[PDB]
Amino acid sequence: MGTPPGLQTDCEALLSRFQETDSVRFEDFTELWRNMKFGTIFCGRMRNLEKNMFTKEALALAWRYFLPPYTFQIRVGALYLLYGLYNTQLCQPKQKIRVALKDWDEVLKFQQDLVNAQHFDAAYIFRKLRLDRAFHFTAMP
Amino acid sequence: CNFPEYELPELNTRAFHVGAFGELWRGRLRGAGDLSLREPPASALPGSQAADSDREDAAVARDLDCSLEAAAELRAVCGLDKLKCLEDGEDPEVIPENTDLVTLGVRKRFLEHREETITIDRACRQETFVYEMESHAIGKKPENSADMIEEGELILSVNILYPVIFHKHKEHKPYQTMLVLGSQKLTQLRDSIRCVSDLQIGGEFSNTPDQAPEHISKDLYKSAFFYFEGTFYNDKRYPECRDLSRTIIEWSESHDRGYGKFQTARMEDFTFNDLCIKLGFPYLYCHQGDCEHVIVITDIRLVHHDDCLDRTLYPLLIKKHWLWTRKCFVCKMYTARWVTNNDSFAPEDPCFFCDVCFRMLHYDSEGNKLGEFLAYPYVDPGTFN
Amino acid sequence: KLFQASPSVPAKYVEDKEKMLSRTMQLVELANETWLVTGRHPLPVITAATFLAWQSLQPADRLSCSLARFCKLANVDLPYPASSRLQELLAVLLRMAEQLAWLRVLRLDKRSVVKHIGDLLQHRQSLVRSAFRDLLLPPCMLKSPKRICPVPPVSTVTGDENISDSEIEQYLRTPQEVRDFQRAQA
Amino acid sequence: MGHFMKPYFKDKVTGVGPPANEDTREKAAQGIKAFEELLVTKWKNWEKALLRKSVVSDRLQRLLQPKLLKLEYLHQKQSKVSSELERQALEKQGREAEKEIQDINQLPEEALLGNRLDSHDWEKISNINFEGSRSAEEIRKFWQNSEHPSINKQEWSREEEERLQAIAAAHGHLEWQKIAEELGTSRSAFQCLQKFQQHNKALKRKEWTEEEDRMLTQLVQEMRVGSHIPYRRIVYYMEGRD
Amino acid sequence: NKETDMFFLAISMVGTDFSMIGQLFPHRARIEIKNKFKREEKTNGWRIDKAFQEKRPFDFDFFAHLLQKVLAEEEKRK
Ligand SMILES: [Zn+2]
Ligand SMILES: [Zn+2]
């Protein structure tokens with residue numbers, strides 16, 4: 001598949017705008033989300049199958065954005081994007097992120113760094129995703 | 001070490017031991033509970049988080065090393081009201097116009113030109129099989145205790161290609177995707193195949209069409225083997241089973257045919273955890289001695305509480321390509337059940353006939369043979385796909 | 001090495017050597033009597049004749065192969081002029097096929113003719129004698145030279161003692177550049 | 001990636017596969033067909049023209065071979081013999097043979113094609129003119145049953161359709177060679193059966209029967225997952241459908 | 001073109017003589033000059049006749065320098 005027809009553009013625009021705000025706070029990112037109404041992406045006459053594969057590939061692409069070598073602010077923005085994507089879908093059961101073995105430990109280290117940096121917003125969001133178990137433990141996304 | 005990496009971008013990965021890979025995955029998850037099969041709590045709006053606050057805030061404070069008040073503030077801040085642009089009462093069948101998404105713009109472009117009377121329908125989007133066999137089994141649990149998936153069990157996605165390849169396209173392949181467990185042996189995967197190669201029959205019966213052979217291929221031959229990392233896994237549970245791999249090793253190793261040394265082993269001696277297999281790299285399986293299948297390990301992951309926990313369905317089919325029925329040339333609409341050669345009536349050789357178009361054409365009321373022809377019973381692979 | 005079912009070669013190409021030799025020696029006899037062999041290396045001609053045989057005994061599949069393929073399976077270094085010898089003997093078998101009724105009606109070509117080799121060589125002699133009455137000579141001089149060995153003009157006259165003296169008025173260098181004739185080659 | 005298509009292991013030098021195994025040899029002895037035999041190629045107009053040309057070639061060569069071989073033998077005898085009157089007789093025979101060649105050359109292509117049941121060297125065409133692409137029996141059947149000009153290739157007339165339908169029941173819809181013969185329009189059994197089946201109410205089941213419904217329900221319940229059912233693959237099991 | 005002109009010019013200065021022009025030409029052998037002469041005699045016979053009636057001098061110096069200057073000019077302009 002690769003990418004949905006247009007999701008990469010919206011994701012890049014959101015992430016670039018959030019990086020330009022020079023803010024790591026989750027609030028500014030949610031204001032952007034509700035400003036552009038990105039949460040509405042999951043409607044629009046998508047049957048459950050199409051919804052499932054669209055959510056799978058969207059989570060995979062946002063995870064690609066979440067992984068390095070992206071810097072701290074952009075990685076935090078991508079984590080917020082993953083959070084909202086997983087939390088606003090309409091699938092049954094809720095589709096989860098694909099996580100590689102080579103990425104799980106690195107992401108745990110990033111969560112520890114987020115905790116150490118006192119920017120608890122991203123760490124809490126990752127812990128909420130873990131509580132929701134938003135991740136498959138795959139070998140590659 | 002067993003560190004998965006892409007040998008080629010998005011095409012295939014490095015080889016690693018399945019057991020060691022699963023042990024490494026569990027080591028990064030054991031005790032944490034993220035790999036458990038029990039239902040965990042889910043996120044909710046801040047107006048209803050009071051009930052879960054007592055159970056969540058203390059754990060959040062412990063894990064994030066923050067205070068309980070800080071955990072509560074984080075929970076209130078990260079509420080879904082900040083993210084839910086869609087109310088829970090909104091249908092997904094209509095595009096919300098109050099959006100700035102390019103994706104939804106392209107979606108509107110797709111939907112607008114499909115609203116005319118000639119184009120409006122609720123037909124298939126691009127495929128149907130995947131969701132039908134997902135929802136039929138996703139999130140379910142078995143009726144028997146012995147059919148319980150072990151917590152943290154590896155789930156392996158295996159693609160088995162059909163013997164009837166298009167031989168006209170090379171991007172996409174005819175295959176069916178089987179889900180298997182790490183602890184399962186190869187025997188239960190082999191016995192679960194329903195390929196038409198097991199149903200092949202033969203014999204020339206133009207004189208007596210009613211004397212078709214009693215035994216299908218599955219009742220006459222049982223030879224089947226897998227092939228991974230140069231190792232053949234040959235079935236020998238039954239006298240009809242033969243170690244086909246010995247002939248291959250005799251032919252190939254006698255000359256520089258482009259493949260290395262192989263080894264022979266039985267089919268039941270290994271589990272899926274014992275394999276050192278690549279992901280995405282094709283592999284070989286064979287049965288009946290002439291029906292080879294392309295084997296691709298598309299994905300591997302630990303079991304999740306939302307997955308199919310019912311082992312009675314395993315090996316679980318999740319995806320399947322379609323083959324078209326071979327229809328007879330007389331009525332050109334009914335699936336053939338007979339094939340004839342040297343047929344004087346038929347315009348071409350070979351010619352396909354259905355029972356209705358076969359019996360009354362090649363025989364009279366008394367069943368006496370008419371004309372000159374040779375007839376064979378036929379099983380359609382496009383039907384039993 | 002085409003007479004043995006070696007594993008390096010498919011059995012499709014194996015043939016009885018006796019018929020091979022017969023076909024080849026009659027093909028090279030055809031080449032010889034048609035002036036092809038005189039003044040040229042025989043080896044490429046023999047190789048080409050073995051070719052026409054090897055395709056003739058089984059055009060069903062062997063017609064699709066080329067020179068490099070056969071010399072690869074045979075493990076032989078074909079000469080470079082082998083292809084040209086092949087081409088000219090195709091010219092000859094076209095000139096030979098025009099005579100026959102079935103061939104001249106069927107409108108054959110360079111490639112398709114190979115399957116009738118036995119038919120032509122069954123009746124070689126009379127047909128080639130007829131084809132002589134329309135010989136073979138090198139194609140280079142068969143370009144229809146309208147002029148052959150033109151007679152050069154008679155210029156044996158020598159004059160009395162010196163037809164000119166100005167020709168000697170070029171063969172010497174004035175001192176202007178004779179002086180500096182020693183300091184570039186040094 | 002695309003190099004691993006079947007056969008999975010192929011010889012790198014020659015592309016050949018392994019020799020016949022025990023199970024495959026026993027299967028061949030038992031006469032069990034393979035899934036590669038069902039691949040059938042439709043006849044392109046190019047292919048049809050090539051076969052027409054091949055048939056005219058075979059007829060031309062068959063007619064010419066005795067005559068031209070006789071001419072060549074006569075010429076050889078004339079060359080070797082020095083007797084004057086025998087030489088003149090051989091020359092006269094050669095002139096007669098040459099006139100026969102000229103007459104055959106002037107014969108039309110239709111006369112060369114001859115009757116539908118005339119003999120041909122089918123193996124020679126299969127292996128040398130079509131390079132073994134199509135088997136000799138295949139091309140023989142296709143020619144003599146669909147491609148030979150004497151075959152009635154015209155569209156069915158309504159009177160012909162009605163007469164076919166009336167006489168189909170006369171023979172019980174059996175022995176369609178006799179039905180075609182009684183039709184009298186030079187049709188064959190296969191064409192008559194094809195037309196009848198395409199317009200046979202008994203075959204195209206607008207109707208319903210109890211066993212068809214029961215077995216359709218059984219197969220659907222056995223196979224169907226969610227909203228997907230094998231709508232027309234059940235037709236292999238239940239007769240008179242598509 | 002220039003090399004042909006200079007071949008002519010030297011054929012007038014050093015005559016129908018090839019080894020010395022090959023020596024002064026940086027990268028021409030005698031067989032090369034002989035082949036030039038075979039090719040050019042068919043058309044430029046009149047110019048070669050012009051090569052044997054005038055007594056302008058020959059050098060290394062003035063010529064060597066003239067060669068190098070015109071070769072550099074031609075190479076930079078070509
Ligand atoms: Zn199979
Ligand atoms: Zn029928």
# chains A, B, ... in the order shown; residues from 1 in each chain; ligands from 1
$ select_by_dssp --residues "chain E" --states "helix (DSSP H, G or I)" --output "ChimeraX atom specification"
/E:2-13,19-24,30-41,45-50,61-77
$ residues_around --residues "range 12-17 of chain C" --least-positions-apart "3" --cutoff "6 Å" --atoms "only C-alpha atoms" --output "ChimeraX atom specification"
/C:2-3,20
$ write_last_selection --atoms "N, CA, C and O atoms" --output "short mmCIF file (atom, residue, chain, number, x, y, z; two decimals), in the first residue's frame"
data_model
loop_
_atom_site.label_atom_id
_atom_site.label_comp_id
_atom_site.auth_asym_id
_atom_site.auth_seq_id
_atom_site.Cartn_x
_atom_site.Cartn_y
_atom_site.Cartn_z
N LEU C 2 28.03 -33.19 -28.93
CA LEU C 2 26.58 -33.35 -29.03
C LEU C 2 26.15 -34.80 -29.21
O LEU C 2 24.94 -35.06 -29.26
N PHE C 3 27.08 -35.75 -29.29
CA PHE C 3 26.73 -37.15 -29.48
C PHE C 3 26.53 -37.90 -28.17
O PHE C 3 26.27 -39.10 -28.19
N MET C 20 24.55 -37.29 -38.88
CA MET C 20 25.24 -36.01 -38.76
C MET C 20 26.34 -35.91 -39.81
O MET C 20 26.41 -34.93 -40.57
#
$ closest_residue --among "B:20, B:378, B:347, B:334" --to "ligand 2" --atoms "only C-alpha atoms and all ligand atoms"
B:334
$ residues_around --residues "residue 17 in chain E" --least-positions-apart "4" --cutoff "12 Å" --atoms "only C-alpha atoms" --output "list in words"
residues 171 of chain C; 7, 8, 9, 10, 11, 12, 13, 21, 22, 23, 30, 31, 33, 34, 37 and 51 of chain E
$ select_by_dssp --residues "range 201-381 of chain B" --states "strand (DSSP E or B)" --output "PyMOL selection string"
chain B and resi 202+224-228+231-234+263-266+271+276-277+282-287+291-302+310+316-320+327+335+338-341+351-353+363+369+374-377
$ closest_residue --among "B:270, B:21, B:6, B:285" --to "chain D" --atoms "only C-alpha atoms"
B:285
$ residues_near_ligand --ligand "ligand 1" --cutoff "10 Å" --atoms "only C-alpha atoms and all ligand atoms" --output "ChimeraX atom specification"
/B:160-164,193-199,224,285-294,385
$ write_last_selection --atoms "C-alpha atoms" --output "CSV table (one decimal), in the first residue's frame"
chain,number,residue,atom,x,y,z
B,160,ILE,CA,0.6,-20.1,0.8
B,161,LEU,CA,0.5,-19.7,-2.9
B,162,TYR,CA,-1.8,-21.7,-5.1
B,163,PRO,CA,-0.5,-24.1,-7.8
B,164,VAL,CA,-2.4,-22.1,-10.5
B,193,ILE,CA,-4.6,-27.4,3.9
B,194,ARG,CA,-7.6,-27.8,1.6
B,195,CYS,CA,-5.8,-27.3,-1.7
B,196,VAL,CA,-7.4,-28.9,-4.7
B,197,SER,CA,-4.2,-30.9,-5.3
B,198,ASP,CA,-5.5,-33.3,-2.6
B,199,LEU,CA,-8.7,-33.9,-4.7
B,224,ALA,CA,4.2,-33.6,1.8
B,285,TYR,CA,6.3,-26.3,0.6
B,286,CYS,CA,5.3,-29.3,-1.5
B,287,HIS,CA,2.6,-32.0,-1.4
B,288,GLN,CA,1.4,-34.8,-3.6
B,289,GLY,CA,4.9,-34.7,-5.1
B,290,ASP,CA,4.0,-32.2,-7.8
B,291,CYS,CA,2.0,-29.4,-6.0
B,292,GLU,CA,4.6,-26.9,-4.9
B,293,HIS,CA,3.6,-23.9,-2.8
B,294,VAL,CA,5.4,-20.6,-2.3
B,385,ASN,CA,-10.2,-22.8,-4.4
$ closest_residue --among "C:120, C:87, C:33, C:4" --to "residue 103 in chain C" --atoms "only C-alpha atoms"
C:120
$ closest_atom_pairs --of "chain B" --to "chain C" --cutoff "12 Å" --atoms "only C-alpha atoms" --output "tab-separated table"
residue	atom	partner	partner_atom	distance
B:251	CA	C:7	CA	10.8
B:252	CA	C:7	CA	11.7
B:254	CA	C:7	CA	9.8
B:255	CA	C:7	CA	8.4
B:256	CA	C:8	CA	10.0
B:257	CA	C:8	CA	10.2
$ write_last_selection --atoms "N, CA and C atoms" --output "short mmCIF file (atom, residue, chain, number, x, y, z; two decimals), in the first residue's frame"
data_model
loop_
_atom_site.label_atom_id
_atom_site.label_comp_id
_atom_site.auth_asym_id
_atom_site.auth_seq_id
_atom_site.Cartn_x
_atom_site.Cartn_y
_atom_site.Cartn_z
N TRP B 251 19.44 -35.26 -7.19
CA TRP B 251 19.53 -34.53 -8.46
C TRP B 251 20.36 -33.26 -8.32
N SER B 252 20.10 -32.47 -7.27
CA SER B 252 20.69 -31.14 -7.18
C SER B 252 22.17 -31.20 -6.80
N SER B 254 24.39 -33.39 -7.33
CA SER B 254 25.29 -34.01 -8.30
C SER B 254 25.90 -33.00 -9.26
N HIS B 255 25.41 -31.76 -9.27
CA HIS B 255 25.92 -30.75 -10.19
C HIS B 255 25.70 -29.37 -9.59
N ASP B 256 26.43 -28.39 -10.12
CA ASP B 256 26.31 -27.00 -9.69
C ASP B 256 25.05 -26.41 -10.33
N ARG B 257 23.91 -26.73 -9.72
CA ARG B 257 22.61 -26.32 -10.23
C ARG B 257 22.15 -24.97 -9.68
#
$ interface_residues --of "chain C" --to "chain E" --cutoff "9 Å" --atoms "only C-alpha atoms" --output "ChimeraX atom specification"
/C:166-185
$ write_last_selection --atoms "N, CA, C and O atoms" --output "tab-separated table (two decimals), in the first residue's frame"
chain	number	residue	atom	x	y	z
C	166	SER	N	61.90	24.28	-62.88
C	166	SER	CA	61.26	24.86	-61.70
C	166	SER	C	61.00	23.83	-60.61
C	166	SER	O	60.83	24.20	-59.45
C	167	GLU	N	60.95	22.54	-60.96
C	167	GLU	CA	60.77	21.52	-59.93
C	167	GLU	C	61.97	21.48	-58.99
C	167	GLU	O	61.81	21.23	-57.79
C	168	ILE	N	63.17	21.72	-59.52
C	168	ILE	CA	64.34	21.85	-58.66
C	168	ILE	C	64.29	23.13	-57.85
C	168	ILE	O	64.96	23.24	-56.82
C	169	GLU	N	63.49	24.12	-58.29
C	169	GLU	CA	63.33	25.37	-57.56
C	169	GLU	C	62.38	25.26	-56.38
C	169	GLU	O	61.89	26.28	-55.89
C	170	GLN	N	62.09	24.04	-55.93
C	170	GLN	CA	61.39	23.81	-54.68
C	170	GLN	C	62.17	22.96	-53.70
C	170	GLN	O	61.92	23.05	-52.49
C	171	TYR	N	63.10	22.15	-54.17
C	171	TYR	CA	63.78	21.14	-53.37
C	171	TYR	C	64.90	21.70	-52.49
C	171	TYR	O	65.66	20.87	-51.97
C	172	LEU	N	65.08	23.01	-52.28
C	172	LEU	CA	66.13	23.51	-51.40
C	172	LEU	C	65.59	24.62	-50.52
C	172	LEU	O	64.68	25.36	-50.91
C	173	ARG	N	66.16	24.72	-49.32
C	173	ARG	CA	65.74	25.68	-48.31
C	173	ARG	C	66.69	26.87	-48.31
C	173	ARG	O	67.91	26.69	-48.35
C	174	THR	N	66.14	28.07	-48.26
C	174	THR	CA	66.97	29.25	-48.13
C	174	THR	C	67.52	29.35	-46.70
C	174	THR	O	66.93	28.81	-45.76
C	175	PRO	N	68.65	30.04	-46.51
C	175	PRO	CA	69.29	30.05	-45.19
C	175	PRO	C	68.42	30.63	-44.08
C	175	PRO	O	68.73	30.42	-42.90
C	176	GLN	N	67.35	31.35	-44.42
C	176	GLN	CA	66.54	32.00	-43.39
C	176	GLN	C	66.08	31.01	-42.33
C	176	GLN	O	66.10	31.32	-41.13
C	177	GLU	N	65.67	29.81	-42.74
C	177	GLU	CA	65.25	28.78	-41.80
C	177	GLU	C	66.21	27.60	-41.72
C	177	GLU	O	66.04	26.74	-40.85
C	178	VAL	N	67.20	27.52	-42.61
C	178	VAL	CA	68.25	26.52	-42.45
C	178	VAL	C	69.07	26.82	-41.21
C	178	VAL	O	69.56	25.90	-40.54
C	179	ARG	N	69.24	28.10	-40.88
C	179	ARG	CA	70.07	28.47	-39.74
C	179	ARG	C	69.53	27.89	-38.44
C	179	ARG	O	70.29	27.34	-37.63
C	180	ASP	N	68.22	27.99	-38.22
C	180	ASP	CA	67.59	27.58	-36.98
C	180	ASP	C	67.12	26.13	-37.00
C	180	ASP	O	66.20	25.77	-36.25
C	181	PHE	N	67.73	25.29	-37.83
C	181	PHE	CA	67.32	23.90	-38.01
C	181	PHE	C	67.92	22.96	-36.97
C	181	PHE	O	68.02	21.76	-37.24
C	182	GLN	N	68.35	23.47	-35.81
C	182	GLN	CA	69.11	22.66	-34.87
C	182	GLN	C	68.64	22.76	-33.43
C	182	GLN	O	69.30	22.19	-32.55
C	183	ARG	N	67.53	23.45	-33.14
C	183	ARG	CA	67.17	23.77	-31.77
C	183	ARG	C	65.68	23.58	-31.50
C	183	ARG	O	65.06	24.40	-30.81
C	184	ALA	N	65.09	22.51	-32.03
C	184	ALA	CA	63.79	22.05	-31.56
C	184	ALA	C	63.84	20.55	-31.33
C	184	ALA	O	63.17	20.02	-30.44
C	185	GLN	N	64.63	19.85	-32.14
C	185	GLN	CA	64.83	18.41	-31.99
C	185	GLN	C	65.83	18.08	-30.89
C	185	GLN	O	65.89	16.92	-30.46
$ residues_near_ligand --ligand "ligand 2" --cutoff "12 Å" --atoms "only C-alpha atoms and all ligand atoms" --output "ChimeraX atom specification"
/B:327-338,352-362 /D:173,193-205,235-236,238-242
$ atom_distance --atom1 "CA of residue 297 in chain B" --atom2 "CA of residue 89 in chain A"
28.7 Å
$ interface_residues --of "chain D" --to "chain C" --cutoff "12 Å" --atoms "only C-alpha atoms" --output "ChimeraX atom specification"
/D:11-19,53-65,67-80,98,100-106,123-134
$ interface_residues --of "chain A" --to "chain B" --cutoff "8 Å" --atoms "only C-alpha atoms" --output "ChimeraX atom specification"
/A:4-7,9-10,26-27,30-31,33-34,36-50,84,87-88,93,101-102,105,115,120-121,123-125,127-128,130-133,136-140
$ residues_around --residues "residue 18 in chain C" --least-positions-apart "3" --cutoff "12 Å" --atoms "only C-alpha atoms" --output "PyMOL selection string"
chain C and resi 3+15+21-25+53+57
$ residues_around --residues "residue 167 in chain D" --least-positions-apart "2" --cutoff "12 Å" --atoms "only C-alpha atoms" --output "PyMOL selection string"
chain D and resi 160-165+169-184+192-193+196
$ write_last_selection --atoms "C-alpha atoms" --output "short mmCIF file (atom, residue, chain, number, x, y, z; two decimals), in the first residue's frame"
data_model
loop_
_atom_site.label_atom_id
_atom_site.label_comp_id
_atom_site.auth_asym_id
_atom_site.auth_seq_id
_atom_site.Cartn_x
_atom_site.Cartn_y
_atom_site.Cartn_z
CA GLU D 160 -33.38 -23.32 -38.08
CA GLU D 161 -33.60 -22.55 -34.35
CA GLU D 162 -37.25 -23.62 -34.17
CA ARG D 163 -36.61 -26.82 -36.14
CA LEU D 164 -33.64 -27.63 -33.91
CA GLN D 165 -35.83 -27.19 -30.84
CA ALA D 169 -37.25 -33.64 -28.21
CA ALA D 170 -37.77 -36.16 -31.02
CA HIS D 171 -34.50 -37.89 -30.09
CA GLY D 172 -34.95 -37.11 -26.39
CA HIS D 173 -32.24 -34.43 -26.55
CA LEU D 174 -29.77 -37.30 -27.09
CA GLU D 175 -27.56 -38.42 -29.99
CA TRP D 176 -27.10 -34.90 -31.31
CA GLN D 177 -25.23 -36.21 -34.35
CA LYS D 178 -28.56 -37.65 -35.47
CA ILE D 179 -30.28 -34.37 -34.59
CA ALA D 180 -27.79 -32.41 -36.69
CA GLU D 181 -28.21 -34.88 -39.56
CA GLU D 182 -32.00 -34.54 -39.39
CA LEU D 183 -31.66 -30.74 -39.34
CA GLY D 184 -30.19 -30.99 -42.84
CA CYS D 192 -26.50 -28.05 -32.42
CA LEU D 193 -26.00 -28.92 -28.75
CA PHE D 196 -29.92 -25.81 -27.85
#
$ closest_residue --among "D:37, D:109, D:96, D:138" --to "chain B" --atoms "only C-alpha atoms"
D:138
$ residues_around --residues "residue 131 in chain C" --least-positions-apart "4" --cutoff "10 Å" --atoms "only C-alpha atoms" --output "ChimeraX atom specification"
/C:34,92,95-99,125-127,135-136
$ residues_around --residues "residue 67 in chain A" --least-positions-apart "6" --cutoff "9 Å" --atoms "only C-alpha atoms" --output "mmCIF file with N, CA and C atoms, in the first residue's frame"
data_model
loop_
_atom_site.group_PDB
_atom_site.id
_atom_site.type_symbol
_atom_site.label_atom_id
_atom_site.label_comp_id
_atom_site.auth_asym_id
_atom_site.auth_seq_id
_atom_site.Cartn_x
_atom_site.Cartn_y
_atom_site.Cartn_z
ATOM 1 N N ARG A 75 9.092 14.596 17.457
ATOM 2 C CA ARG A 75 8.705 13.287 17.978
ATOM 3 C C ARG A 75 7.523 13.404 18.932
ATOM 4 N N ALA A 78 4.462 13.860 16.888
ATOM 5 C CA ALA A 78 4.060 12.600 16.272
ATOM 6 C C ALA A 78 3.402 11.676 17.289
ATOM 7 N N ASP A 103 12.187 -1.268 17.886
ATOM 8 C CA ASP A 103 11.650 0.046 18.222
ATOM 9 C C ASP A 103 11.030 0.112 19.611
ATOM 10 N N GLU A 106 13.628 1.245 22.254
ATOM 11 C CA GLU A 106 13.985 2.634 21.992
ATOM 12 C C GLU A 106 12.858 3.577 22.400
ATOM 13 N N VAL A 107 11.609 3.186 22.146
ATOM 14 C CA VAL A 107 10.476 4.023 22.525
ATOM 15 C C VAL A 107 10.321 4.065 24.041
#
